[PDB]
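Peer 1: Sharing coords16.tsv (TSV, C-alpha atoms) below.
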chain	number	residue	atom	x	y	z
A	1	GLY	CA	94.22	148.37	96.89
A	2	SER	CA	94.27	147.63	100.63
A	3	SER	CA	96.95	147.63	103.28
A	4	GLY	CA	96.56	147.47	107.07
A	5	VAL	CA	98.41	147.82	110.35
A	6	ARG	CA	101.37	145.80	111.63
A	7	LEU	CA	102.72	145.83	115.15
A	8	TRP	CA	105.87	144.80	116.94
A	9	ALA	CA	106.73	144.62	120.63
A	10	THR	CA	109.72	146.95	120.29
A	11	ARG	CA	111.17	149.40	117.77
A	12	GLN	CA	114.15	147.09	117.61
A	13	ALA	CA	112.13	144.13	116.34
A	14	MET	CA	110.32	146.46	113.95
A	15	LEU	CA	113.49	147.80	112.34
A	16	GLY	CA	114.63	144.24	111.72
A	17	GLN	CA	111.65	143.68	109.46
A	18	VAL	CA	110.76	147.10	108.08
A	19	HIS	CA	112.22	146.46	104.57
A	20	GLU	CA	109.57	143.75	104.18
A	21	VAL	CA	106.63	146.04	105.07
A	22	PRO	CA	104.95	147.39	101.94
A	23	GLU	CA	104.35	151.09	101.37
A	24	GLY	CA	101.07	152.29	102.82
A	25	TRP	CA	101.06	149.98	105.83
A	26	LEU	CA	100.87	151.51	109.30
A	27	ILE	CA	103.42	150.35	111.87
A	28	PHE	CA	102.99	150.42	115.63
A	29	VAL	CA	105.67	149.67	118.21
A	30	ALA	CA	104.21	148.79	121.60
A	31	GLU	CA	107.06	149.59	124.01
A	32	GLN	CA	107.65	153.12	122.66
A	33	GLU	CA	103.96	153.73	121.83
A	34	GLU	CA	104.86	155.10	118.41
A	35	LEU	CA	102.93	154.91	115.15
A	36	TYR	CA	104.33	155.33	111.63
A	37	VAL	CA	103.29	154.85	108.00
A	38	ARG	CA	105.63	153.03	105.61
A	39	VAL	CA	106.58	155.17	102.59
A	40	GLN	CA	109.02	155.05	99.70
A	41	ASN	CA	112.50	154.23	101.09
A	42	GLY	CA	111.57	154.85	104.75
A	43	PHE	CA	108.71	155.52	107.12
A	44	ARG	CA	107.08	158.66	108.57
A	45	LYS	CA	106.06	158.99	112.19
A	46	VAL	CA	102.42	159.89	112.99
A	47	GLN	CA	102.00	162.74	115.47
A	48	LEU	CA	100.20	161.42	118.58
A	49	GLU	CA	98.93	163.33	121.59
A	50	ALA	CA	99.32	162.51	125.29
A	51	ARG	CA	97.87	159.19	126.51
A	52	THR	CA	94.22	159.36	127.62
A	53	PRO	CA	93.63	156.79	130.42
A	54	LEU	CA	91.15	153.95	129.96
A	55	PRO	CA	87.79	154.70	131.57
A	56	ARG	CA	87.32	153.57	135.16
B	1	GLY	CA	82.76	147.81	113.97
B	2	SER	CA	85.94	147.31	111.92
B	3	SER	CA	87.42	149.22	109.01
B	4	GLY	CA	90.97	149.14	107.63
B	5	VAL	CA	93.41	150.99	105.40
B	6	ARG	CA	93.00	151.49	101.64
B	7	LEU	CA	95.91	152.35	99.36
B	8	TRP	CA	96.14	154.04	95.94
B	9	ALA	CA	99.11	154.94	93.77
B	10	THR	CA	98.16	158.55	92.99
B	11	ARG	CA	95.92	161.45	93.98
B	12	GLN	CA	93.73	161.04	90.92
B	13	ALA	CA	93.15	157.35	91.53
B	14	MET	CA	92.18	157.98	95.16
B	15	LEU	CA	89.87	160.89	94.31
B	16	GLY	CA	88.06	158.66	91.82
B	17	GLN	CA	87.17	156.03	94.42
B	18	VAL	CA	86.91	158.04	97.63
B	19	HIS	CA	83.06	158.31	97.57
B	20	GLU	CA	82.93	154.51	97.94
B	21	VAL	CA	85.31	154.35	100.91
B	22	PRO	CA	83.28	154.21	104.17
B	23	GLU	CA	83.83	156.61	107.12
B	24	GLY	CA	86.56	155.47	109.50
B	25	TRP	CA	88.78	153.92	106.84
B	26	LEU	CA	92.33	155.25	106.46
B	27	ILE	CA	93.54	156.14	102.99
B	28	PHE	CA	97.18	156.20	101.83
B	29	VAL	CA	98.29	157.73	98.55
B	30	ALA	CA	101.76	156.55	97.60
B	31	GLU	CA	102.78	159.33	95.18
B	32	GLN	CA	102.07	162.15	97.65
B	33	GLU	CA	103.06	160.04	100.69
B	34	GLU	CA	99.96	161.32	102.41
B	35	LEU	CA	97.65	159.54	104.84
B	36	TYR	CA	94.04	160.52	105.50
B	37	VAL	CA	91.02	159.29	107.40
B	38	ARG	CA	87.61	159.15	105.69
B	39	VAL	CA	85.01	161.19	107.59
B	40	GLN	CA	81.46	162.38	107.02
B	41	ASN	CA	81.31	164.13	103.64
B	42	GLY	CA	85.05	164.22	103.15
B	43	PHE	CA	88.43	163.21	104.51
B	44	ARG	CA	90.98	164.55	106.96
B	45	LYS	CA	94.73	164.52	106.50
B	46	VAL	CA	96.82	162.84	109.20
B	47	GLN	CA	99.84	164.87	110.23
B	48	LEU	CA	103.07	163.04	109.37
B	49	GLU	CA	106.66	163.86	110.25
B	50	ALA	CA	109.71	163.84	107.97
B	51	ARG	CA	110.82	160.54	106.55
B	52	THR	CA	112.99	158.24	108.69
B	53	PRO	CA	115.28	156.20	106.41
B	54	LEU	CA	115.29	152.41	106.47
B	55	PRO	CA	118.17	150.90	108.49
B	56	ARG	CA	121.37	150.24	106.55
C	1	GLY	CA	101.83	140.61	114.26
C	2	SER	CA	99.00	142.52	112.64
C	3	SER	CA	96.33	144.78	114.04
C	4	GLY	CA	93.77	146.93	112.25
C	5	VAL	CA	91.22	149.72	112.60
C	6	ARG	CA	88.01	149.61	114.66
C	7	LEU	CA	85.24	152.17	114.46
C	8	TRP	CA	82.26	153.25	116.55
C	9	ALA	CA	79.46	155.75	115.95
C	10	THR	CA	80.10	157.72	119.13
C	11	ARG	CA	82.69	158.30	121.83
C	12	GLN	CA	80.44	156.80	124.52
C	13	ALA	CA	80.12	153.62	122.45
C	14	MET	CA	83.89	153.42	122.01
C	15	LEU	CA	84.58	153.97	125.72
C	16	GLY	CA	82.29	151.02	126.49
C	17	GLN	CA	84.51	148.63	124.56
C	18	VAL	CA	87.97	150.22	124.59
C	19	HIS	CA	89.42	147.84	127.24
C	20	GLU	CA	88.83	144.98	124.79
C	21	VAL	CA	90.68	146.71	121.94
C	22	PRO	CA	94.26	145.37	121.78
C	23	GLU	CA	97.31	147.65	121.77
C	24	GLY	CA	98.28	148.93	118.34
C	25	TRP	CA	94.75	149.04	116.90
C	26	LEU	CA	93.48	152.33	115.54
C	27	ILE	CA	90.12	153.55	116.77
C	28	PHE	CA	87.82	155.95	114.91
C	29	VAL	CA	84.79	157.66	116.41
C	30	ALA	CA	82.42	158.89	113.68
C	31	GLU	CA	80.32	161.51	115.41
C	32	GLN	CA	83.33	163.37	116.78
C	33	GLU	CA	85.51	162.53	113.72
C	34	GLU	CA	88.35	161.56	116.04
C	35	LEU	CA	91.10	158.99	115.47
C	36	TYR	CA	93.19	157.33	118.20
C	37	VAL	CA	95.67	154.52	118.59
C	38	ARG	CA	95.24	152.07	121.43
C	39	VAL	CA	98.34	151.91	123.69
C	40	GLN	CA	99.40	150.40	126.99
C	41	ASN	CA	96.85	151.42	129.61
C	42	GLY	CA	95.15	154.02	127.45
C	43	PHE	CA	94.78	155.51	123.97
C	44	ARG	CA	96.47	158.40	122.16
C	45	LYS	CA	94.73	160.83	119.86
C	46	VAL	CA	96.03	161.20	116.30
C	47	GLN	CA	96.43	164.76	115.06
C	48	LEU	CA	94.13	165.43	112.11
C	49	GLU	CA	93.75	168.44	109.83
C	50	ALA	CA	90.65	170.23	108.53
C	51	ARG	CA	88.15	168.22	106.44
C	52	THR	CA	88.83	168.08	102.68
C	53	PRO	CA	85.50	167.88	100.78
C	54	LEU	CA	84.75	164.89	98.57
C	55	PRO	CA	85.41	165.57	94.85
C	56	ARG	CA	82.61	166.99	92.73
Show me the file's structure as structure tokens.
Peer 2:
Amino acid sequence: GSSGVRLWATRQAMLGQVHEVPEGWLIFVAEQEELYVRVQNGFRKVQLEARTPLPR
Amino acid sequence: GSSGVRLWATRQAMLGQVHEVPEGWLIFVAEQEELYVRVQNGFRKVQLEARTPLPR
Amino acid sequence: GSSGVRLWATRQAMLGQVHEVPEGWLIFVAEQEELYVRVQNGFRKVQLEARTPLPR
């Protein structure tokens, strides 16, 4: 099957809808700059490194 | 270019189709709750943290 | 809100277009086998593990 990536502006908006995200979808929250994957009965944060700036 | 995220229920199901998944696609296997990225001649596991529960 | 995954052959190619990738998209660079997520004013590398070979 196929899933994809969903994003919300804030972790707050994301939590309001996370029950409705299917397992296997990635979830990004823009304010906090955090990435997770939805799993059975929860979600697991993806380890990210420091921000690399955009090229000049 | 654009890729996406593919999803399978189990390890065996994913291993059976992985040759046909192009590089740069993410792969989620629900049973193991593991996420990978397809790379040249194989795939690399994405490091995940412990499960965060869904809000009550 | 949904995003997705974009890929490029090389890091140089990706850097050429990364301003036009929206926040919350994942970015894969094939030659370097690196995975990032686009964030405010930059991009963050995703921690990957060693390559698992494709099944026999």
Peer 1: Just checking: using all atoms listed in the file, which residue out of C:30, C:14, C:54, C:7 ends up closest to chain A?
Peer 2: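 Among the listed residues, C:14 lies closest to chain A.
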Peer 1: Taking all atoms listed in the file into account, what are the residues of chain A at most 9 Å from chain B, put as a ChimeraX atom specification?
Peer 2: /A:1-5,15-16,18-19,23-26,36-47
Peer 1: If the box runs along x, y and z of the file and leaves 6 Å on each side of segment 31-42 of chain C, what are its centre and edge lengths in Å, one decimal, as lines of an AutoDock Vina configuration file?
Peer 2:
center_x = 89.9
center_y = 156.9
center_z = 121.7
size_x = 31.1
size_y = 25.0
size_z = 27.9
Peer 1: Would you mind reading off the distance between atom CA of residue 10 of chain A and atom CA of residue 22 of chain C, one decimal, in Å?
Peer 2: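 That distance, rounded to one decimal, is 15.6 Å.
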Peer 1: Figure out the distance between atom CA of residue 21 of chain A and atom CA of residue 21 of chain B, please, to one decimal in Å.
Peer 2: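 Atom CA of residue 21 of chain A lies 23.3 Å from atom CA of residue 21 of chain B.
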Peer 1: Once N, CA, C and O atoms are restored for segment 10-27 of chain B, what would the output be as a tab-separated table (two decimals), in the coordinates of the input?
Peer 2:
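File produced: part_6.tsv:
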chain	number	residue	atom	x	y	z
B	10	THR	N	98.12	157.12	93.30
B	10	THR	CA	98.16	158.55	92.99
B	10	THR	C	96.94	159.29	93.52
B	10	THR	O	95.92	158.69	93.80
B	11	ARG	N	97.04	160.61	93.58
B	11	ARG	CA	95.92	161.45	93.98
B	11	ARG	C	94.68	161.21	93.15
B	11	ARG	O	93.57	161.07	93.68
B	12	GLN	N	94.87	161.16	91.83
B	12	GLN	CA	93.73	161.04	90.92
B	12	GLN	C	93.00	159.73	91.14
B	12	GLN	O	91.77	159.67	91.10
B	13	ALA	N	93.76	158.66	91.35
B	13	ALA	CA	93.15	157.35	91.53
B	13	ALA	C	92.33	157.35	92.81
B	13	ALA	O	91.20	156.85	92.83
B	14	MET	N	92.91	157.89	93.87
B	14	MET	CA	92.18	157.98	95.16
B	14	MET	C	90.92	158.84	95.05
B	14	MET	O	89.84	158.43	95.50
B	15	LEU	N	91.03	160.00	94.42
B	15	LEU	CA	89.87	160.89	94.31
B	15	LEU	C	88.72	160.24	93.55
B	15	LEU	O	87.55	160.51	93.83
B	16	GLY	N	89.06	159.36	92.61
B	16	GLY	CA	88.06	158.66	91.82
B	16	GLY	C	87.26	157.64	92.60
B	16	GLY	O	86.11	157.37	92.27
B	17	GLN	N	87.84	157.09	93.67
B	17	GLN	CA	87.17	156.03	94.42
B	17	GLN	C	86.72	156.44	95.81
B	17	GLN	O	86.05	155.67	96.52
B	18	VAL	N	87.10	157.65	96.22
B	18	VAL	CA	86.91	158.04	97.63
B	18	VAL	C	85.43	158.05	98.10
B	18	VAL	O	85.15	157.75	99.26
B	19	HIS	N	84.49	158.37	97.21
B	19	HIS	CA	83.06	158.31	97.57
B	19	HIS	C	82.68	156.94	98.13
B	19	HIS	O	81.85	156.84	99.04
B	20	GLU	N	83.30	155.89	97.60
B	20	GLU	CA	82.93	154.51	97.94
B	20	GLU	C	83.71	153.96	99.13
B	20	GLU	O	83.52	152.80	99.51
B	21	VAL	N	84.61	154.76	99.70
B	21	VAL	CA	85.31	154.35	100.91
B	21	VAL	C	84.47	154.79	102.11
B	21	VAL	O	84.09	155.95	102.20
B	22	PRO	N	84.15	153.87	103.04
B	22	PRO	CA	83.28	154.21	104.17
B	22	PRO	C	83.98	155.08	105.23
B	22	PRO	O	85.18	154.99	105.36
B	23	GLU	N	83.24	155.86	106.00
B	23	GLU	CA	83.83	156.61	107.12
B	23	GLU	C	84.63	155.70	108.03
B	23	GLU	O	84.27	154.53	108.22
B	24	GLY	N	85.74	156.23	108.57
B	24	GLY	CA	86.56	155.47	109.50
B	24	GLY	C	87.65	154.63	108.86
B	24	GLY	O	88.44	154.01	109.57
B	25	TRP	N	87.68	154.57	107.53
B	25	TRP	CA	88.78	153.92	106.84
B	25	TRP	C	89.94	154.90	106.65
B	25	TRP	O	89.69	156.07	106.37
B	26	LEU	N	91.17	154.42	106.78
B	26	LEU	CA	92.33	155.25	106.46
B	26	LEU	C	92.66	155.07	105.00
B	26	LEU	O	92.35	154.04	104.39
B	27	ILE	N	93.27	156.10	104.43
B	27	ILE	CA	93.54	156.14	102.99
B	27	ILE	C	94.98	156.60	102.81
B	27	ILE	O	95.33	157.65	103.32
